[PDB]
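In what follows, a single structure is set out as structure tokens and then discussed.
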Amino acid sequence: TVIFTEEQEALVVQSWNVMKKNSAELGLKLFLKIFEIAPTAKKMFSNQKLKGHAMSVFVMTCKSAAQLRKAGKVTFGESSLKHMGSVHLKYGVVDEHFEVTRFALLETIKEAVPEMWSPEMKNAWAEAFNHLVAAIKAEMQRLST
Ligand code: HEM
């Protein structure tokens, strides 16, 4: 497991509560940053699907932070992990795409809540994001065999 503190969860929960006021705009900013860095990713999404996908990234990472605090591990149901993993595989999503998305997510948060930004805030989001991404792949691995 990992030790993910009440303070770390509160950073994620509290910044998301502030950013939620502008969730549609923030979702667009996230994808604008992703597509600025790696425009080739735009082809995967050839917009209401972009809106839903950005919201999934934010809300699913938030829920991963809550599960890390509560359980030391990500506890998403297997059908949800299996869906994300199969869809990502189908579309050719590889590690670099997750890495660019993480980078863009953290930049987006930093600009959305400059008054809360700090190394601790960055690391709390990043840890929750990384554990969700790893959890999808561990579920896809349980099914590769
Ligand atoms: C932790 C990070 C991510 C989470 C939580 C996440 C979540 C999701 C979910 C819930 C879906 C299903 C949408 C549906 O069934 O309609 C989905 C689909 C998809 N994801 Fe992700 N995703 C992540 C990362 C990525 C990344 C890094 C890429 C590529 C840069 C990507 C590209 C796609 C595409 C192309 C689809 C299918 C089209 C769409 O639903 O818009 N995803 N993702």
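If you're wondering about the labels, chains in the structure tokens are A, B, ... by order shown, residues count from 1 in each chain, ligands from 1 in order shown.
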request  = Write as a PyMOL selection string the residues around ligand 1, taking 7 Å as the cut-off and counting only C-alpha atoms and all ligand atoms.
outcome  = chain A and resi 41+44-45+49-50+53+56-57+60-61+83-84+87-88+91+93+97-98+101+129+132-133
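Around residue 59 in chain A, within 12 Å and counting only C-alpha atoms, the residues found are residues 12, 13, 15, 16, 17, 19, 20, 23, 27, 52, 53, 54, 55, 56, 62, 63, 64, 65, 66, 105, 125, 128, 129 and 132 of chain A, once anything fewer than 3 positions away on its own chain is removed.
Distances to residue 106 in chain A were evaluated for A:145, A:33, A:94, A:76 using only C-alpha atoms, and the minimum falls at A:33.
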task = Give the answer as one residue: which of A:108, A:5, A:80, A:46 has the shortest atom-to-atom distance to residue 31 in chain A, using only C-alpha atoms?
result = A:108
inquiry  = Neighbouring residues of residue 74 in chain A were defined as those with any atom within 8 Å, considering only C-alpha atoms; residues of the same chain fewer than 3 positions away were excluded. Please report them as a PyMOL selection string.
reply    = chain A and resi 64+67-68+71+131-132+135
Requested write-out: N, CA and C atoms of the selected residues, as a PDB file, in the first residue's frame:
```
ATOM      1  N   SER A  64      -9.874   8.390  -6.626  1.00  0.00           N
ATOM      2  CA  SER A  64      -8.684   7.600  -6.295  1.00  0.00           C
ATOM      3  C   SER A  64      -7.985   8.147  -5.050  1.00  0.00           C
ATOM      4  N   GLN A  67      -9.846   6.925  -2.045  1.00  0.00           N
ATOM      5  CA  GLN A  67      -9.594   5.508  -1.780  1.00  0.00           C
ATOM      6  C   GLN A  67      -8.191   5.273  -1.237  1.00  0.00           C
ATOM      7  N   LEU A  68      -7.197   6.000  -1.744  1.00  0.00           N
ATOM      8  CA  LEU A  68      -5.867   5.911  -1.154  1.00  0.00           C
ATOM      9  C   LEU A  68      -5.889   6.316   0.317  1.00  0.00           C
ATOM     10  N   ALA A  71      -8.256   3.439   2.142  1.00  0.00           N
ATOM     11  CA  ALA A  71      -7.861   2.041   2.041  1.00  0.00           C
ATOM     12  C   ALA A  71      -6.389   1.812   1.730  1.00  0.00           C
ATOM     13  N   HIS A 131      -1.874   6.085  -9.225  1.00  0.00           N
ATOM     14  CA  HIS A 131      -2.405   4.832  -8.713  1.00  0.00           C
ATOM     15  C   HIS A 131      -3.620   4.383  -9.506  1.00  0.00           C
ATOM     16  N   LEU A 132      -4.409   5.331 -10.017  1.00  0.00           N
ATOM     17  CA  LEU A 132      -5.535   4.973 -10.877  1.00  0.00           C
ATOM     18  C   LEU A 132      -5.054   4.374 -12.194  1.00  0.00           C
ATOM     19  N   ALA A 135      -3.776   0.972 -11.663  1.00  0.00           N
ATOM     20  CA  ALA A 135      -4.840   0.034 -11.300  1.00  0.00           C
ATOM     21  C   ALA A 135      -5.563  -0.478 -12.526  1.00  0.00           C
TER      22      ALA A 135
END
```
query = Which residues, written as an MDAnalysis selection string, have at least one atom at most 8 Å from residue 82 in chain A, with only C-alpha atoms counted and residues fewer than 2 positions away on the same chain left out?
reply = chainID A and resid 78:80 84:86 136 139:140
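For the atom pair formed by CA of residue 21 in chain A and CA of residue 43 in chain A, the distance is 29.1 Å, given to one decimal.
Ranking A:25, A:120, A:36, A:6 by their shortest atom-to-atom distance to residue 51 in chain A, with only C-alpha atoms included, puts A:25 first.
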request  = Figure out the distance between CA of residue 107 in chain A and CA of residue 1 in chain A, please, to one decimal in Å.
outcome  = 27.0 Å
task = Write down as a ChimeraX atom specification the residues of range 23-141 of chain A whose backbone DSSP state falls under helix (DSSP H, G or I).
result = /A:23-37,39-45,48-71,78-91,95-112,119-141
